[PDB]
$ cat coords_31.cif   # mmCIF, C-alpha atoms and all ligand atoms
data_model
#
loop_
_atom_site.group_PDB
_atom_site.id
_atom_site.type_symbol
_atom_site.label_atom_id
_atom_site.label_comp_id
_atom_site.auth_asym_id
_atom_site.auth_seq_id
_atom_site.Cartn_x
_atom_site.Cartn_y
_atom_site.Cartn_z
ATOM 1 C CA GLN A 1 -43.802 -3.520 -0.881
ATOM 2 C CA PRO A 2 -40.524 -3.149 -2.864
ATOM 3 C CA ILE A 3 -41.546 -5.198 -5.905
ATOM 4 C CA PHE A 4 -38.401 -4.565 -7.979
ATOM 5 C CA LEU A 5 -36.020 -5.363 -5.118
ATOM 6 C CA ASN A 6 -38.147 -8.352 -4.105
ATOM 7 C CA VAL A 7 -37.543 -9.810 -7.567
ATOM 8 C CA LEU A 8 -33.798 -9.120 -7.690
ATOM 9 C CA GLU A 9 -33.293 -10.859 -4.345
ATOM 10 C CA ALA A 10 -35.503 -13.774 -5.337
ATOM 11 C CA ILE A 11 -33.640 -14.505 -8.586
ATOM 12 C CA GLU A 12 -30.089 -14.008 -7.277
ATOM 13 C CA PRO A 13 -28.068 -17.174 -8.037
ATOM 14 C CA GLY A 14 -26.828 -19.301 -5.178
ATOM 15 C CA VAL A 15 -23.332 -20.698 -4.695
ATOM 16 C CA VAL A 16 -21.701 -22.225 -7.764
ATOM 17 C CA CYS A 17 -18.933 -24.814 -7.547
ATOM 18 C CA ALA A 18 -15.773 -24.939 -9.678
ATOM 19 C CA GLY A 19 -14.880 -28.577 -9.021
ATOM 20 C CA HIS A 20 -11.184 -27.823 -8.465
ATOM 21 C CA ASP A 21 -8.884 -30.284 -6.650
ATOM 22 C CA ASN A 22 -7.394 -28.274 -3.791
ATOM 23 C CA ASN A 23 -5.108 -31.140 -2.786
ATOM 24 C CA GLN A 24 -3.012 -30.995 -5.954
ATOM 25 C CA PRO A 25 -0.149 -28.462 -6.272
ATOM 26 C CA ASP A 26 -1.108 -25.235 -8.051
ATOM 27 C CA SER A 27 -0.215 -24.910 -11.735
ATOM 28 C CA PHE A 28 -1.193 -22.692 -14.660
ATOM 29 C CA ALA A 29 -2.949 -25.499 -16.529
ATOM 30 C CA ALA A 30 -4.963 -26.739 -13.542
ATOM 31 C CA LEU A 31 -5.969 -23.281 -12.313
ATOM 32 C CA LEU A 32 -7.092 -21.954 -15.689
ATOM 33 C CA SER A 33 -8.859 -25.193 -16.592
ATOM 34 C CA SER A 34 -10.805 -24.881 -13.325
ATOM 35 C CA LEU A 35 -11.623 -21.214 -13.938
ATOM 36 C CA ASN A 36 -12.842 -22.113 -17.438
ATOM 37 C CA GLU A 37 -15.081 -24.841 -16.009
ATOM 38 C CA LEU A 38 -16.406 -22.392 -13.417
ATOM 39 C CA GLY A 39 -17.131 -20.020 -16.288
ATOM 40 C CA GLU A 40 -19.164 -22.683 -18.091
ATOM 41 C CA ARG A 41 -21.117 -23.440 -14.910
ATOM 42 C CA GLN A 42 -21.705 -19.797 -13.993
ATOM 43 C CA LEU A 43 -22.930 -19.051 -17.516
ATOM 44 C CA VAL A 44 -25.795 -21.506 -17.061
ATOM 45 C CA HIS A 45 -26.841 -19.615 -13.931
ATOM 46 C CA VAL A 46 -26.382 -16.186 -15.557
ATOM 47 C CA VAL A 47 -28.678 -17.151 -18.430
ATOM 48 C CA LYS A 48 -31.477 -18.326 -16.094
ATOM 49 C CA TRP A 49 -30.969 -15.238 -13.935
ATOM 50 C CA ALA A 50 -31.072 -12.808 -16.877
ATOM 51 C CA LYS A 51 -34.193 -14.458 -18.328
ATOM 52 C CA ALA A 52 -35.966 -13.870 -15.000
ATOM 53 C CA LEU A 53 -35.180 -10.143 -14.733
ATOM 54 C CA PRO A 54 -38.099 -7.696 -14.816
ATOM 55 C CA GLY A 55 -38.854 -6.700 -18.405
ATOM 56 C CA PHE A 56 -36.152 -8.916 -19.931
ATOM 57 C CA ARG A 57 -38.663 -10.649 -22.181
ATOM 58 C CA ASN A 58 -39.426 -7.238 -23.697
ATOM 59 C CA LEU A 59 -36.226 -7.696 -25.707
ATOM 60 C CA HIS A 60 -36.193 -9.392 -29.085
ATOM 61 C CA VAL A 61 -35.131 -13.022 -28.659
ATOM 62 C CA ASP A 62 -31.871 -12.495 -30.562
ATOM 63 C CA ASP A 63 -31.026 -9.483 -28.417
ATOM 64 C CA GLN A 64 -31.683 -11.455 -25.221
ATOM 65 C CA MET A 65 -28.871 -13.938 -25.883
ATOM 66 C CA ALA A 66 -26.684 -11.218 -27.407
ATOM 67 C CA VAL A 67 -26.592 -8.990 -24.332
ATOM 68 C CA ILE A 68 -25.908 -12.014 -22.137
ATOM 69 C CA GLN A 69 -23.021 -13.121 -24.336
ATOM 70 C CA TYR A 70 -21.480 -9.641 -24.415
ATOM 71 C CA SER A 71 -21.891 -8.804 -20.729
ATOM 72 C CA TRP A 72 -21.085 -12.120 -19.012
ATOM 73 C CA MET A 73 -17.464 -11.241 -18.175
ATOM 74 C CA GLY A 74 -18.385 -7.944 -16.518
ATOM 75 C CA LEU A 75 -21.308 -9.545 -14.694
ATOM 76 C CA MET A 76 -19.227 -12.416 -13.338
ATOM 77 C CA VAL A 77 -16.309 -10.210 -12.296
ATOM 78 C CA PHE A 78 -18.655 -7.801 -10.490
ATOM 79 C CA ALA A 79 -20.319 -10.663 -8.592
ATOM 80 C CA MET A 80 -16.967 -12.286 -7.804
ATOM 81 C CA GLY A 81 -15.757 -8.970 -6.423
ATOM 82 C CA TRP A 82 -18.834 -8.804 -4.207
ATOM 83 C CA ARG A 83 -18.301 -12.391 -2.973
ATOM 84 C CA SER A 84 -14.682 -11.586 -2.162
ATOM 85 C CA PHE A 85 -15.742 -8.545 -0.181
ATOM 86 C CA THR A 86 -18.437 -10.291 1.845
ATOM 87 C CA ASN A 87 -16.545 -13.543 2.413
ATOM 88 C CA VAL A 88 -12.926 -12.480 2.919
ATOM 89 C CA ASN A 89 -13.020 -8.674 3.024
ATOM 90 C CA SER A 90 -11.342 -8.537 -0.391
ATOM 91 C CA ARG A 91 -8.215 -10.217 1.003
ATOM 92 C CA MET A 92 -8.338 -12.895 -1.704
ATOM 93 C CA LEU A 93 -10.367 -13.482 -4.871
ATOM 94 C CA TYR A 94 -13.320 -15.722 -3.990
ATOM 95 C CA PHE A 95 -14.078 -17.237 -7.403
ATOM 96 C CA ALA A 96 -15.906 -20.106 -5.709
ATOM 97 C CA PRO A 97 -15.898 -21.870 -2.320
ATOM 98 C CA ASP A 98 -13.493 -24.414 -3.808
ATOM 99 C CA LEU A 99 -11.437 -21.930 -5.803
ATOM 100 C CA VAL A 100 -10.164 -19.075 -3.658
ATOM 101 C CA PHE A 101 -7.137 -17.250 -5.051
ATOM 102 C CA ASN A 102 -4.349 -16.241 -2.693
ATOM 103 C CA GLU A 103 -1.332 -14.248 -3.911
ATOM 104 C CA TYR A 104 0.494 -17.431 -4.897
ATOM 105 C CA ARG A 105 -2.370 -18.494 -7.182
ATOM 106 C CA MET A 106 -2.679 -14.983 -8.600
ATOM 107 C CA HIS A 107 0.918 -15.335 -9.790
ATOM 108 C CA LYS A 108 0.712 -18.972 -10.889
ATOM 109 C CA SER A 109 -2.354 -18.167 -12.996
ATOM 110 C CA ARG A 110 -0.176 -15.765 -15.015
ATOM 111 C CA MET A 111 -3.082 -13.369 -14.403
ATOM 112 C CA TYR A 112 -1.554 -11.316 -11.590
ATOM 113 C CA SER A 113 -2.123 -7.853 -13.088
ATOM 114 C CA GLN A 114 -5.731 -8.706 -13.948
ATOM 115 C CA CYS A 115 -6.239 -10.135 -10.452
ATOM 116 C CA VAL A 116 -4.929 -6.860 -9.003
ATOM 117 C CA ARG A 117 -7.647 -4.897 -10.785
ATOM 118 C CA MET A 118 -10.300 -7.401 -9.776
ATOM 119 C CA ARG A 119 -9.192 -7.192 -6.144
ATOM 120 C CA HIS A 120 -9.260 -3.378 -6.359
ATOM 121 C CA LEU A 121 -12.895 -3.538 -7.508
ATOM 122 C CA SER A 122 -13.601 -5.835 -4.574
ATOM 123 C CA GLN A 123 -12.139 -3.271 -2.156
ATOM 124 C CA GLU A 124 -14.386 -0.560 -3.595
ATOM 125 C CA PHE A 125 -17.440 -2.404 -2.248
ATOM 126 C CA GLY A 126 -15.947 -1.810 1.186
ATOM 127 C CA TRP A 127 -14.602 1.698 0.596
ATOM 128 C CA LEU A 128 -17.919 2.926 -0.816
ATOM 129 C CA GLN A 129 -19.990 0.996 1.740
ATOM 130 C CA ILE A 130 -22.045 -0.591 -1.052
ATOM 131 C CA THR A 131 -25.317 -2.084 0.223
ATOM 132 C CA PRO A 132 -26.500 -5.582 -0.814
ATOM 133 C CA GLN A 133 -29.412 -3.936 -2.629
ATOM 134 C CA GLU A 134 -27.224 -1.379 -4.434
ATOM 135 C CA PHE A 135 -25.099 -4.351 -5.517
ATOM 136 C CA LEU A 136 -28.139 -6.174 -6.925
ATOM 137 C CA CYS A 137 -29.366 -3.194 -8.944
ATOM 138 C CA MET A 138 -25.877 -2.376 -10.228
ATOM 139 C CA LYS A 139 -25.307 -5.968 -11.323
ATOM 140 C CA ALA A 140 -28.615 -5.943 -13.216
ATOM 141 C CA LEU A 141 -27.571 -2.732 -14.972
ATOM 142 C CA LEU A 142 -24.280 -4.333 -16.039
ATOM 143 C CA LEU A 143 -26.279 -6.711 -18.249
ATOM 144 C CA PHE A 144 -27.467 -3.685 -20.239
ATOM 145 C CA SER A 145 -24.096 -1.947 -20.469
ATOM 146 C CA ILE A 146 -22.503 -3.261 -23.684
ATOM 147 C CA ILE A 147 -23.957 -3.340 -27.208
ATOM 148 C CA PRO A 148 -23.031 -3.364 -30.938
ATOM 149 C CA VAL A 149 -21.966 0.030 -32.272
ATOM 150 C CA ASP A 150 -24.500 -0.505 -35.062
ATOM 151 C CA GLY A 151 -27.273 -1.372 -32.617
ATOM 152 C CA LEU A 152 -29.363 -4.381 -31.621
ATOM 153 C CA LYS A 153 -32.229 -6.075 -33.508
ATOM 154 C CA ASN A 154 -34.738 -3.958 -31.602
ATOM 155 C CA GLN A 155 -32.801 -1.121 -29.981
ATOM 156 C CA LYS A 156 -35.867 0.770 -28.750
ATOM 157 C CA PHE A 157 -36.852 -2.072 -26.420
ATOM 158 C CA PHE A 158 -33.303 -2.227 -25.074
ATOM 159 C CA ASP A 159 -33.034 1.532 -24.531
ATOM 160 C CA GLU A 160 -36.320 1.489 -22.600
ATOM 161 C CA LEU A 161 -35.137 -1.375 -20.390
ATOM 162 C CA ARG A 162 -31.796 0.245 -19.645
ATOM 163 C CA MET A 163 -33.575 3.496 -18.815
ATOM 164 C CA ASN A 164 -35.827 1.742 -16.306
ATOM 165 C CA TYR A 165 -32.925 0.030 -14.536
ATOM 166 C CA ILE A 166 -31.157 3.377 -14.212
ATOM 167 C CA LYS A 167 -34.389 4.725 -12.736
ATOM 168 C CA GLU A 168 -34.533 1.867 -10.217
ATOM 169 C CA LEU A 169 -30.950 2.563 -9.152
ATOM 170 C CA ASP A 170 -31.780 6.227 -8.544
ATOM 171 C CA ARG A 171 -34.851 5.101 -6.567
ATOM 172 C CA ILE A 172 -32.763 2.843 -4.304
ATOM 173 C CA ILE A 173 -30.408 5.744 -3.585
ATOM 174 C CA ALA A 174 -33.296 7.990 -2.524
ATOM 175 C CA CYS A 175 -35.007 5.424 -0.268
ATOM 176 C CA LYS A 176 -33.053 6.806 2.692
ATOM 177 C CA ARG A 177 -31.955 10.282 1.651
ATOM 178 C CA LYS A 178 -33.762 13.586 2.185
ATOM 179 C CA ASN A 179 -31.114 15.920 0.770
ATOM 180 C CA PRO A 180 -30.799 15.799 -3.056
ATOM 181 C CA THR A 181 -27.097 16.645 -2.737
ATOM 182 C CA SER A 182 -26.551 13.298 -1.023
ATOM 183 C CA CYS A 183 -28.476 11.407 -3.711
ATOM 184 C CA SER A 184 -26.447 13.114 -6.437
ATOM 185 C CA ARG A 185 -23.144 12.315 -4.729
ATOM 186 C CA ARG A 186 -24.122 8.661 -4.357
ATOM 187 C CA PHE A 187 -25.311 8.344 -7.951
ATOM 188 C CA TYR A 188 -22.017 9.832 -9.102
ATOM 189 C CA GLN A 189 -20.091 7.293 -7.014
ATOM 190 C CA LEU A 190 -22.099 4.300 -8.197
ATOM 191 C CA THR A 191 -21.953 5.194 -11.889
ATOM 192 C CA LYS A 192 -18.182 5.683 -11.600
ATOM 193 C CA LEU A 193 -17.917 2.242 -9.994
ATOM 194 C CA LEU A 194 -20.018 0.698 -12.775
ATOM 195 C CA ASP A 195 -17.805 2.293 -15.433
ATOM 196 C CA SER A 196 -14.694 0.895 -13.714
ATOM 197 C CA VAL A 197 -15.881 -2.627 -14.424
ATOM 198 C CA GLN A 198 -15.537 -2.241 -18.206
ATOM 199 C CA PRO A 199 -11.732 -1.765 -18.386
ATOM 200 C CA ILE A 200 -11.271 -4.792 -16.121
ATOM 201 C CA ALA A 201 -13.572 -6.895 -18.288
ATOM 202 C CA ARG A 202 -11.681 -5.806 -21.420
ATOM 203 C CA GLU A 203 -8.356 -6.927 -19.938
ATOM 204 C CA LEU A 204 -9.892 -10.297 -19.115
ATOM 205 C CA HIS A 205 -11.371 -10.559 -22.610
ATOM 206 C CA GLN A 206 -7.925 -10.025 -24.111
ATOM 207 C CA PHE A 207 -6.367 -12.555 -21.757
ATOM 208 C CA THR A 208 -8.889 -15.338 -22.310
ATOM 209 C CA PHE A 209 -8.927 -14.736 -26.071
ATOM 210 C CA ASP A 210 -5.146 -15.116 -26.218
ATOM 211 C CA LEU A 211 -5.300 -18.166 -23.970
ATOM 212 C CA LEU A 212 -7.920 -19.846 -26.196
ATOM 213 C CA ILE A 213 -5.808 -19.274 -29.319
ATOM 214 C CA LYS A 214 -2.822 -20.966 -27.642
ATOM 215 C CA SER A 215 -4.827 -23.335 -25.414
ATOM 216 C CA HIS A 216 -3.523 -26.497 -27.092
ATOM 217 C CA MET A 217 0.082 -25.409 -26.498
ATOM 218 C CA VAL A 218 -0.296 -24.743 -22.774
ATOM 219 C CA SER A 219 -2.602 -27.633 -21.834
ATOM 220 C CA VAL A 220 -5.579 -25.442 -20.922
ATOM 221 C CA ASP A 221 -9.041 -26.894 -21.449
ATOM 222 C CA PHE A 222 -11.962 -24.747 -22.607
ATOM 223 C CA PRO A 223 -15.514 -26.110 -22.282
ATOM 224 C CA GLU A 224 -17.953 -25.955 -25.226
ATOM 225 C CA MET A 225 -19.869 -22.750 -24.496
ATOM 226 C CA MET A 226 -16.766 -20.860 -23.381
ATOM 227 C CA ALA A 227 -14.852 -21.715 -26.568
ATOM 228 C CA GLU A 228 -17.848 -20.626 -28.661
ATOM 229 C CA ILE A 229 -18.429 -17.308 -26.923
ATOM 230 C CA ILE A 230 -14.727 -16.456 -26.726
ATOM 231 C CA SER A 231 -14.146 -17.196 -30.436
ATOM 232 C CA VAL A 232 -17.406 -15.725 -31.769
ATOM 233 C CA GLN A 233 -18.576 -12.944 -29.458
ATOM 234 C CA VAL A 234 -15.526 -11.730 -27.529
ATOM 235 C CA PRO A 235 -13.669 -10.776 -30.742
ATOM 236 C CA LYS A 236 -16.525 -8.436 -31.692
ATOM 237 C CA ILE A 237 -15.744 -6.534 -28.507
ATOM 238 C CA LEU A 238 -11.974 -6.606 -28.908
ATOM 239 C CA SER A 239 -12.270 -5.435 -32.531
ATOM 240 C CA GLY A 240 -14.475 -2.511 -31.514
ATOM 241 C CA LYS A 241 -17.701 -3.698 -33.175
ATOM 242 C CA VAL A 242 -19.355 -4.099 -29.755
ATOM 243 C CA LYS A 243 -18.614 -1.467 -27.124
ATOM 244 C CA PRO A 244 -19.434 -0.739 -23.484
ATOM 245 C CA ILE A 245 -21.864 2.024 -22.566
ATOM 246 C CA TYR A 246 -20.109 4.433 -20.214
ATOM 247 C CA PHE A 247 -21.832 6.898 -17.902
ATOM 248 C CA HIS A 248 -18.879 9.280 -17.812
ATOM 249 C CA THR A 249 -16.642 10.197 -20.735
ATOM 250 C CA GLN A 250 -13.403 8.243 -20.399
HETATM 251 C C1 LIG B 301 -12.321 -16.327 -18.911
HETATM 252 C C2 LIG B 301 -11.613 -17.094 -17.726
HETATM 253 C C3 LIG B 301 -12.538 -18.220 -17.183
HETATM 254 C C4 LIG B 301 -13.808 -17.673 -16.490
HETATM 255 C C5 LIG B 301 -13.412 -16.613 -15.388
HETATM 256 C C6 LIG B 301 -12.460 -15.475 -15.871
HETATM 257 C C7 LIG B 301 -12.082 -14.524 -14.698
HETATM 258 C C8 LIG B 301 -13.355 -13.916 -14.095
HETATM 259 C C9 LIG B 301 -14.371 -14.966 -13.672
HETATM 260 C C10 LIG B 301 -14.949 -14.887 -12.431
HETATM 261 C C11 LIG B 301 -15.945 -15.829 -11.936
HETATM 262 O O1 LIG B 301 -16.326 -15.792 -10.663
HETATM 263 C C12 LIG B 301 -16.493 -16.817 -12.926
HETATM 264 C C13 LIG B 301 -15.407 -17.282 -13.925
HETATM 265 C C14 LIG B 301 -14.732 -16.098 -14.710
HETATM 266 C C15 LIG B 301 -15.730 -15.477 -15.730
HETATM 267 C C16 LIG B 301 -11.236 -16.160 -16.528
HETATM 268 C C17 LIG B 301 -10.094 -15.267 -17.082
HETATM 269 C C18 LIG B 301 -9.371 -16.184 -18.096
HETATM 270 C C19 LIG B 301 -10.164 -17.520 -18.103
HETATM 271 O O2 LIG B 301 -10.114 -18.147 -19.400
#

$ encode --input "coords_31.cif" --output "C-alpha cells"
Amino acid sequence: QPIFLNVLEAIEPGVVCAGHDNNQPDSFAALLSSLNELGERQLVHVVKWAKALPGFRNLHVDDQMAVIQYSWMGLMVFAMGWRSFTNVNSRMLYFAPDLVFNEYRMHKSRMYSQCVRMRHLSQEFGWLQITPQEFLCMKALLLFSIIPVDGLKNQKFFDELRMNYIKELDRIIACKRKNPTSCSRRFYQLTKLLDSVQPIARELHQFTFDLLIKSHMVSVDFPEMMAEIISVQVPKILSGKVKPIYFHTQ
C-alpha cells in the first residue's frame, strides 16, 4: 500500500478555529488580532504535524525547530489557499470557519494587495487541477524549502530529507502517467507553483514585521509565540540571512 501517502493523510491537521466575533463590525485592529491568534493556534498544529512527518526526526533537534520557524508562513498560506479552493472555490480567503475574508475584509485588513496574491494562489489549485495528494506532498516539501545561507547544524541530513520528498512528489506524478512527457510537464507545473509561494510569504513577512513594530500604536495584539518568531526569526529572512530554495531561477 501507499505508505508515504498513508502517513501524510493520517497526520494532516483538522480544522482550526480563530475565535473571531463575527457579530462585531469589521475593523483593522479586530481582524488582525484575530489573524494573529489564528497564527498562534495554527503554529501548535504545524509543530505537531511537522514532528510526525516521515524522516523528520533524522534532523538535528535545533534544525527541526529552525525549519518550522522559517517555513510556517509559506506552509500556512499554502494550506489556507487549499482550504479556500475546496470550500469556496477561491471566491474568498478561508482563513478559518469563523474567519472568512470577503473583499470588504481584505480592504479593512489593510492587506488587500497581499490578499490578492493569496487568492491568486488559491485559484491555481483549480486552474492546475491539483489533487488532494499532490497538495499533501507539496505542502510537506514547503517545510524543507527555506534555510540559512550559511547552512543548518547538520545540513547533510536536511539535504537527504529534501531529496526524498522531491522523489515522493515525482512518484505521485507518475502513479497515473505512462508517457514521460506528461510527467515532466506536471513536475514543471508543480515546482513552478511551489516557487510562487515564496514571494507571497515574503510580502506577508514584511507586513507582519512592520505591524509588530507598530503594534502598540494601532491596537493590534500579538500572542507570545508570534511576537517571538516575528522579532527573532522573520528578520533573518528579511535581512537575507535565511533564504528560500527555488526550483527555477527567478
Ligand atoms: C502574520 C499574520 C497572522 C497569521 C496569518 C498571516 C496571513 C496568512 C495566515 C494564514 C492562515 O490560515 C493562518 C494565519 C496566518 C499565518 C497574517 C499576516 C499579518 C498577520 O500578522

$ residues_around --input "coords_31.cif" --residues "residue 209 of chain A" --least-positions-apart "2" --cutoff "9 Å" --atoms "only C-alpha atoms" --output "ChimeraX atom specification"
/A:204-207,211-214,230-231,234-235

$ atom_distance --input "coords_31.cif" --atom1 "atom CA of residue 70 of chain A" --atom2 "atom CA of residue 101 of chain A"
25.3 Å

$ residues_near_ligand --input "coords_31.cif" --ligand "ligand LIG 301 (chain B)" --cutoff "7 Å" --atoms "all atoms listed in the file" --output "list in words"
residues 32, 35, 36, 38, 39, 42, 73, 76, 77, 79, 80, 95, 96, 204, 205, 207, 208 and 211 of chain A

$ atom_distance --input "coords_31.cif" --atom1 "atom CA of residue 165 of chain A" --atom2 "atom CA of residue 229 of chain A"
25.8 Å

$ closest_residue --input "coords_31.cif" --among "A:44, A:161, A:99, A:92" --to "residue 23 of chain A" --atoms "only C-alpha atoms"
A:99

$ resolve_selection --input "coords_31.cif" --expression "the PyMOL selection byres (((chain A and resi 131) around 12) and not hetatm)" --output "PDB file with C-alpha atoms, in the frame of the given file"
ATOM      1  CA  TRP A  82     -18.834  -8.804  -4.207  1.00  0.00           C
ATOM      2  CA  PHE A  85     -15.742  -8.545  -0.181  1.00  0.00           C
ATOM      3  CA  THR A  86     -18.437 -10.291   1.845  1.00  0.00           C
ATOM      4  CA  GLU A 124     -14.386  -0.560  -3.595  1.00  0.00           C
ATOM      5  CA  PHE A 125     -17.440  -2.404  -2.248  1.00  0.00           C
ATOM      6  CA  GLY A 126     -15.947  -1.810   1.186  1.00  0.00           C
ATOM      7  CA  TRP A 127     -14.602   1.698   0.596  1.00  0.00           C
ATOM      8  CA  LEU A 128     -17.919   2.926  -0.816  1.00  0.00           C
ATOM      9  CA  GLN A 129     -19.990   0.996   1.740  1.00  0.00           C
ATOM     10  CA  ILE A 130     -22.045  -0.591  -1.052  1.00  0.00           C
ATOM     11  CA  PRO A 132     -26.500  -5.582  -0.814  1.00  0.00           C
ATOM     12  CA  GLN A 133     -29.412  -3.936  -2.629  1.00  0.00           C
ATOM     13  CA  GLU A 134     -27.224  -1.379  -4.434  1.00  0.00           C
ATOM     14  CA  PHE A 135     -25.099  -4.351  -5.517  1.00  0.00           C
ATOM     15  CA  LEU A 136     -28.139  -6.174  -6.925  1.00  0.00           C
ATOM     16  CA  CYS A 137     -29.366  -3.194  -8.944  1.00  0.00           C
ATOM     17  CA  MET A 138     -25.877  -2.376 -10.228  1.00  0.00           C
ATOM     18  CA  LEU A 169     -30.950   2.563  -9.152  1.00  0.00           C
ATOM     19  CA  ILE A 172     -32.763   2.843  -4.304  1.00  0.00           C
ATOM     20  CA  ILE A 173     -30.408   5.744  -3.585  1.00  0.00           C
ATOM     21  CA  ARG A 186     -24.122   8.661  -4.357  1.00  0.00           C
ATOM     22  CA  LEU A 190     -22.099   4.300  -8.197  1.00  0.00           C
TER      23      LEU A 190
END

$ atom_distance --input "coords_31.cif" --atom1 "atom CA of residue 50 of chain A" --atom2 "atom CA of residue 81 of chain A"
18.9 Å

$ residues_around --input "coords_31.cif" --residues "residue 109 of chain A" --least-positions-apart "3" --cutoff "6 Å" --atoms "all atoms listed in the file" --output "NGL selection string"
:A and (28 or 105-106)

$ resolve_selection --input "coords_31.cif" --expression "the PyMOL selection byres (((chain A and resi 192) around 12) and not hetatm)" --output "ChimeraX atom specification"
/A:121,124,128,138,185-191,193-199,246-250

$ closest_residue --input "coords_31.cif" --among "A:41, A:241, A:60, A:51" --to "residue 147 of chain A" --atoms "only C-alpha atoms"
A:241

$ axis_aligned_box --input "coords_31.cif" --around "segment 168-173 of chain A" --padding-each-side "8 Å" --output "AutoDock Vina command-line options"
--center_x -32.6 --center_y 4.0 --center_z -6.9 --size_x 20.4 --size_y 20.4 --size_z 22.6

$ decode --input "coords_31.cif" --residues "segment 111-125 of chain A" --atoms "N, CA and C atoms" --output "PDB file, in the first residue's frame"
ATOM      1  N   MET A 111      -4.540  44.779   4.079  1.00  0.00           N
ATOM      2  CA  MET A 111      -3.723  43.727   3.473  1.00  0.00           C
ATOM      3  C   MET A 111      -4.254  43.347   2.098  1.00  0.00           C
ATOM      4  N   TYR A 112      -4.978  44.251   1.450  1.00  0.00           N
ATOM      5  CA  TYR A 112      -5.576  43.924   0.159  1.00  0.00           C
ATOM      6  C   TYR A 112      -4.633  43.348  -0.896  1.00  0.00           C
ATOM      7  N   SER A 113      -3.506  44.012  -1.145  1.00  0.00           N
ATOM      8  CA  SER A 113      -2.569  43.516  -2.157  1.00  0.00           C
ATOM      9  C   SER A 113      -2.043  42.120  -1.823  1.00  0.00           C
ATOM     10  N   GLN A 114      -1.767  41.870  -0.545  1.00  0.00           N
ATOM     11  CA  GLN A 114      -1.280  40.564  -0.131  1.00  0.00           C
ATOM     12  C   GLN A 114      -2.406  39.537  -0.288  1.00  0.00           C
ATOM     13  N   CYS A 115      -3.636  39.946   0.014  1.00  0.00           N
ATOM     14  CA  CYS A 115      -4.770  39.033  -0.119  1.00  0.00           C
ATOM     15  C   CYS A 115      -4.993  38.674  -1.587  1.00  0.00           C
ATOM     16  N   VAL A 116      -4.700  39.613  -2.486  1.00  0.00           N
ATOM     17  CA  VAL A 116      -4.848  39.363  -3.917  1.00  0.00           C
ATOM     18  C   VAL A 116      -3.933  38.215  -4.332  1.00  0.00           C
ATOM     19  N   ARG A 117      -2.684  38.268  -3.887  1.00  0.00           N
ATOM     20  CA  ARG A 117      -1.722  37.232  -4.241  1.00  0.00           C
ATOM     21  C   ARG A 117      -2.104  35.896  -3.616  1.00  0.00           C
ATOM     22  N   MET A 118      -2.626  35.937  -2.395  1.00  0.00           N
ATOM     23  CA  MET A 118      -3.027  34.704  -1.744  1.00  0.00           C
ATOM     24  C   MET A 118      -4.220  34.098  -2.482  1.00  0.00           C
ATOM     25  N   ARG A 119      -5.150  34.943  -2.925  1.00  0.00           N
ATOM     26  CA  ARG A 119      -6.308  34.438  -3.648  1.00  0.00           C
ATOM     27  C   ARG A 119      -5.884  33.885  -5.013  1.00  0.00           C
ATOM     28  N   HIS A 120      -4.868  34.492  -5.618  1.00  0.00           N
ATOM     29  CA  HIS A 120      -4.363  34.007  -6.908  1.00  0.00           C
ATOM     30  C   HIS A 120      -3.810  32.589  -6.742  1.00  0.00           C
ATOM     31  N   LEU A 121      -3.057  32.374  -5.666  1.00  0.00           N
ATOM     32  CA  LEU A 121      -2.504  31.049  -5.373  1.00  0.00           C
ATOM     33  C   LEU A 121      -3.651  30.058  -5.236  1.00  0.00           C
ATOM     34  N   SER A 122      -4.691  30.474  -4.514  1.00  0.00           N
ATOM     35  CA  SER A 122      -5.861  29.632  -4.323  1.00  0.00           C
ATOM     36  C   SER A 122      -6.454  29.207  -5.665  1.00  0.00           C
ATOM     37  N   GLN A 123      -6.566  30.154  -6.599  1.00  0.00           N
ATOM     38  CA  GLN A 123      -7.127  29.846  -7.915  1.00  0.00           C
ATOM     39  C   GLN A 123      -6.275  28.858  -8.706  1.00  0.00           C
ATOM     40  N   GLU A 124      -4.968  28.867  -8.464  1.00  0.00           N
ATOM     41  CA  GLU A 124      -4.075  27.946  -9.157  1.00  0.00           C
ATOM     42  C   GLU A 124      -4.429  26.492  -8.838  1.00  0.00           C
ATOM     43  N   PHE A 125      -4.893  26.220  -7.618  1.00  0.00           N
ATOM     44  CA  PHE A 125      -5.259  24.851  -7.271  1.00  0.00           C
ATOM     45  C   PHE A 125      -6.356  24.377  -8.221  1.00  0.00           C
TER      46      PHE A 125
END
